[PDB]
Amino acid sequence: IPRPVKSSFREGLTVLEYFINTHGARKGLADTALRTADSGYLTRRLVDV
DNA sequence: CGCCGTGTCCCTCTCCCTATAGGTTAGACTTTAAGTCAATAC
């Protein structure tokens with residue numbers, strides 16, 4: 001996002017900067033959740049082989 | 001005229017009432033194993 005956020009968490013974010021941060025936060029959380037299953041399947045296949 | 005590669009698509013796997021005939025059980029009668037007492041001997 002080319003804006004970008006220009007406030008630290010000590011100064012306190014504005015409304016739009018926080019709303020922009022929420023994108024990446026939720027994306028990372030969901031990506032981690034799917035990465036667990038990916039790692040599990042890789043482990044199972046390598047164990048079988 | 002006669003056969004072979006490439007492409008697309010489909011599919012699969014993963015994360016009512018009546019009438020007859022026959023079998024079943026429940027219920028009571030007489031018999032039997034069972035619980036009981038009284039006298040006795042060592």
# chains A, B, ... in the order shown; residues from 1 in each chain; ligands from 1
$ residues_around --residues "segment 6-22 of chain B" --least-positions-apart "6" --cutoff "12 Å" --atoms "only C-alpha atoms (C1' of nucleotides)" --output "JSON list (two decimals) with N, CA, C and O atoms, in the first residue's frame"
[["chain", "number", "residue", "atom", "x", "y", "z"],
["A", 34, "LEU", "N", -3.03, -22.19, 7.52],
["A", 34, "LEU", "CA", -2.94, -23.15, 6.42],
["A", 34, "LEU", "C", -1.55, -23.79, 6.36],
["A", 34, "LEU", "O", -1.40, -24.95, 5.94],
["A", 35, "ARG", "N", -0.52, -23.04, 6.76],
["A", 35, "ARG", "CA", 0.84, -23.57, 6.74],
["A", 35, "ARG", "C", 1.00, -24.73, 7.71],
["A", 35, "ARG", "O", 1.82, -25.63, 7.46],
["A", 36, "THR", "N", 0.24, -24.73, 8.81],
["A", 36, "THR", "CA", 0.27, -25.90, 9.70],
["A", 36, "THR", "C", -0.11, -27.18, 8.96],
["A", 36, "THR", "O", 0.58, -28.20, 9.06],
["A", 37, "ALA", "N", -1.21, -27.14, 8.21],
["A", 37, "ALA", "CA", -1.66, -28.33, 7.49],
["A", 37, "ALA", "C", -0.67, -28.72, 6.39],
["A", 37, "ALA", "O", -0.43, -29.91, 6.15],
["A", 38, "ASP", "N", -0.08, -27.72, 5.72],
["A", 38, "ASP", "CA", 0.93, -28.02, 4.71],
["A", 38, "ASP", "C", 2.12, -28.76, 5.31],
["A", 38, "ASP", "O", 2.58, -29.78, 4.78],
["A", 39, "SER", "N", 2.61, -28.27, 6.45],
["A", 39, "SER", "CA", 3.73, -28.92, 7.13],
["A", 39, "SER", "C", 3.36, -30.32, 7.59],
["A", 39, "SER", "O", 4.18, -31.25, 7.52],
["A", 40, "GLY", "N", 2.13, -30.50, 8.08],
["A", 40, "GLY", "CA", 1.70, -31.82, 8.51],
["A", 40, "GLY", "C", 1.69, -32.83, 7.38],
["A", 40, "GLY", "O", 2.15, -33.96, 7.54],
["A", 41, "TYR", "N", 1.16, -32.43, 6.22],
["A", 41, "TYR", "CA", 1.14, -33.34, 5.08],
["A", 41, "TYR", "C", 2.56, -33.66, 4.60],
["A", 41, "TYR", "O", 2.86, -34.81, 4.25],
["A", 42, "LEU", "N", 3.44, -32.66, 4.58],
["A", 42, "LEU", "CA", 4.83, -32.92, 4.20],
["A", 42, "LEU", "C", 5.48, -33.92, 5.15],
["A", 42, "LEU", "O", 6.17, -34.85, 4.71]]
$ select_by_dssp --residues "chain A" --states "helix (DSSP H, G or I)" --output "ChimeraX atom specification"
/A:15-48
$ write_last_selection --atoms "C-alpha atoms" --output "compact mmCIF listing (two decimals), in the first residue's frame"
# COMPACT_ATOMS: atom_id res chain seq x y z
CA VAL A 15 -8.09 5.13 11.93
CA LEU A 16 -7.00 4.51 8.32
CA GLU A 17 -3.49 3.34 9.22
CA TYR A 18 -4.93 0.83 11.69
CA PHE A 19 -7.47 -0.35 9.11
CA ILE A 20 -4.59 -0.80 6.66
CA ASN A 21 -2.59 -2.79 9.23
CA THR A 22 -5.53 -5.15 9.81
CA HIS A 23 -5.15 -6.46 6.23
CA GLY A 24 -1.65 -7.81 6.79
CA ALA A 25 -2.41 -9.02 10.30
CA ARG A 26 -5.36 -11.20 9.29
CA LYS A 27 -3.57 -12.37 6.14
CA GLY A 28 -0.60 -13.54 8.18
CA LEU A 29 -2.80 -15.33 10.71
CA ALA A 30 -4.77 -17.25 8.07
CA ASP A 31 -1.58 -18.05 6.14
CA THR A 32 -0.04 -19.50 9.31
CA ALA A 33 -3.17 -21.59 9.89
CA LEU A 34 -2.94 -23.15 6.42
CA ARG A 35 0.84 -23.57 6.74
CA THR A 36 0.27 -25.90 9.70
CA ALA A 37 -1.66 -28.33 7.49
CA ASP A 38 0.93 -28.02 4.71
CA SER A 39 3.73 -28.92 7.13
CA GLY A 40 1.70 -31.82 8.51
CA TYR A 41 1.14 -33.34 5.08
CA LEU A 42 4.83 -32.92 4.20
CA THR A 43 5.81 -34.67 7.44
CA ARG A 44 3.41 -37.56 6.78
CA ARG A 45 4.67 -38.14 3.24
CA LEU A 46 8.33 -37.97 4.26
CA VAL A 47 7.63 -40.39 7.13
CA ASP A 48 6.02 -42.87 4.73
